[PDB]
Each structure stands twice: as structure tokens, then as C-alpha cells.
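Have a look at the structure below, then the notes.
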2 protein chains.
Amino acid sequence: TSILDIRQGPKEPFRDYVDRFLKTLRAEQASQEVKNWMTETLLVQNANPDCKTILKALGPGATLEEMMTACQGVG
Amino acid sequence: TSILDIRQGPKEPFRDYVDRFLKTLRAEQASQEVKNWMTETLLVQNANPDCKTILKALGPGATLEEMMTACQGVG
């Protein structure tokens, strides 16, 4: 019930993690601008090590769709 | 009025930035566990370039007091 608790499994597809992250985010008490910032930063911090390293290599400013494209088939 | 808007000035002492960050955080609508996570991650992201680089070199898990010690006299 906290967005801080949604972490990607070591063999979970990135998009099934994003599904659980966005459903939990909808329930989180925070401003819409803080939710949009979590979607960029917390989604990367809570990714599994293989996706995390790919996402750090895109850097900030990657959109959510760009992040998902970069992680297809990883794990 | 958003915590995302509190950024360190290029010549502002780190502790005067932390003062403005903690006063704004008190007013932010979010859970206490999300406030404690902002104090570790968002405080580093919104630091000025010279403090930011010192704080990244401490890594995660540095406490707020450790972060402040590492930034004394910078700028």
C-alpha cells in the first residue's frame, strides 16, 4: 500500500512491473506533479539490476514509453 | 508550494537550502515514509552542481547529517 514498496522481480517483465507501479501510484496520496516525478525517478530506483542499468544509460528525461521500449525482453 | 520547486542556489550554503527544503516538506501532502525518501533522494537531485557531485560520491544510505557535514563550506 506504499508506492515505495513496488519493486521489479528479478525475472519479471518490465511492463508487468510498470502495471503494478501505476495501479499503486493511483492510490498514493500525493500531488499530481509528485506522482509524475515518481514515475521518472522511483520507477528507475525500484527496477531490477538489469533493467536499472539500461535505464540509467538512457538518462533522465527519457519518457515512460522510451523506458519501456529500452527494457523489452530483459530478464 | 511544491517540494519539487525547492532547489539550492549556486552560492547558497547547503544548510540554508536544507532549512527551506525541510520547511516546505512539512507542508507537502504525502506519507511520512515518502517524506523520508524525498529527504534522501530529492534533496540530492535538487542540490547545486558542486554539492550534488559530493553527495553522489557518498552514495545512498548517507544520513541527512552526513550529507550536511560533507557539504560544509562548498560554494
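Chain lettering (A, B, ...) mirrors the order of the C-alpha cells, residue numbering begins at 1 for each chain separately, and ligand numbering begins at 1 in order of display.
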
Superposition output for chain B against chain A, all Cα paired in order, as a tab-separated table (two decimals) with C-alpha atoms, in the first residue's frame:
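The resulting result-v6.tsv:
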```tsv
chain	number	residue	atom	x	y	z
B	1	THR	CA	0.00	0.00	0.00
B	2	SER	CA	3.00	2.36	-0.32
B	3	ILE	CA	4.43	3.10	-3.80
B	4	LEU	CA	7.92	2.69	-2.16
B	5	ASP	CA	7.12	-1.00	-1.77
B	6	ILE	CA	6.62	-1.78	-5.52
B	7	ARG	CA	9.92	-3.33	-6.79
B	8	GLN	CA	10.56	-5.30	-10.03
B	9	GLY	CA	11.11	-9.02	-9.64
B	10	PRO	CA	14.42	-10.37	-10.85
B	11	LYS	CA	12.72	-12.17	-13.76
B	12	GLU	CA	9.56	-10.05	-14.01
B	13	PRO	CA	8.98	-8.33	-17.38
B	14	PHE	CA	9.41	-4.56	-17.08
B	15	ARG	CA	5.89	-3.89	-18.29
B	16	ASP	CA	4.29	-6.14	-15.69
B	17	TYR	CA	6.22	-4.15	-13.02
B	18	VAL	CA	5.04	-0.82	-14.60
B	19	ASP	CA	1.40	-2.21	-14.40
B	20	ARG	CA	1.74	-2.82	-10.63
B	21	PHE	CA	3.58	0.57	-10.17
B	22	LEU	CA	0.86	2.59	-11.98
B	23	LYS	CA	-2.02	0.84	-10.12
B	24	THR	CA	-0.34	1.56	-6.76
B	25	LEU	CA	0.53	5.12	-7.77
B	26	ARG	CA	-3.17	5.83	-8.48
B	27	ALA	CA	-3.84	5.02	-4.79
B	28	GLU	CA	-0.89	7.03	-3.37
B	29	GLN	CA	-1.64	10.29	-1.52
B	30	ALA	CA	0.46	12.94	-3.26
B	31	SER	CA	0.19	15.79	-5.77
B	32	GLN	CA	-0.06	15.04	-9.45
B	33	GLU	CA	3.37	16.73	-10.04
B	34	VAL	CA	4.94	14.45	-7.29
B	35	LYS	CA	3.31	11.37	-8.96
B	36	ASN	CA	4.77	12.38	-12.33
B	37	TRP	CA	8.22	12.81	-10.69
B	38	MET	CA	7.93	9.31	-9.02
B	39	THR	CA	7.19	7.83	-12.42
B	40	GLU	CA	10.57	9.11	-13.61
B	41	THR	CA	12.79	8.60	-10.61
B	42	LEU	CA	11.27	5.97	-8.30
B	43	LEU	CA	10.37	3.65	-11.20
B	44	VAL	CA	14.11	3.57	-12.12
B	45	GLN	CA	15.31	3.22	-8.45
B	46	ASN	CA	12.96	0.20	-7.86
B	47	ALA	CA	13.77	-1.57	-11.20
B	48	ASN	CA	15.76	-4.92	-11.02
B	49	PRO	CA	19.55	-4.63	-11.60
B	50	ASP	CA	19.47	-5.49	-15.31
B	51	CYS	CA	16.72	-3.06	-16.21
B	52	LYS	CA	18.10	-0.39	-13.87
B	53	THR	CA	21.44	-0.31	-15.58
B	54	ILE	CA	19.71	0.10	-19.05
B	55	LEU	CA	17.51	2.87	-17.74
B	56	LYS	CA	20.41	4.76	-16.18
B	57	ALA	CA	22.16	4.64	-19.52
B	58	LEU	CA	19.12	6.50	-21.14
B	59	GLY	CA	19.34	9.10	-18.54
B	60	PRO	CA	16.84	11.47	-17.20
B	61	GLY	CA	14.31	12.89	-19.42
B	62	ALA	CA	13.57	9.55	-21.01
B	63	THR	CA	9.76	9.25	-21.16
B	64	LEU	CA	7.89	6.31	-19.68
B	65	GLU	CA	7.30	4.83	-23.13
B	66	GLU	CA	11.07	5.20	-24.00
B	67	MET	CA	11.94	3.43	-20.79
B	68	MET	CA	9.57	0.56	-21.53
B	69	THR	CA	10.97	0.18	-25.15
B	70	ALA	CA	14.54	0.02	-23.82
B	71	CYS	CA	13.60	-2.83	-21.42
B	72	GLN	CA	11.77	-5.12	-23.77
B	73	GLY	CA	12.88	-8.73	-23.38
B	74	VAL	CA	15.28	-8.04	-20.46
B	75	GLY	CA	15.10	-10.88	-17.86
```

| request: List every residue of chain B that DSSP, applied to the backbone of this structure, assigns to helix (DSSP H, G or I), and report them as a ChimeraX atom specification. | output: /B:3-5,14-27,32-45,49-58,64-70
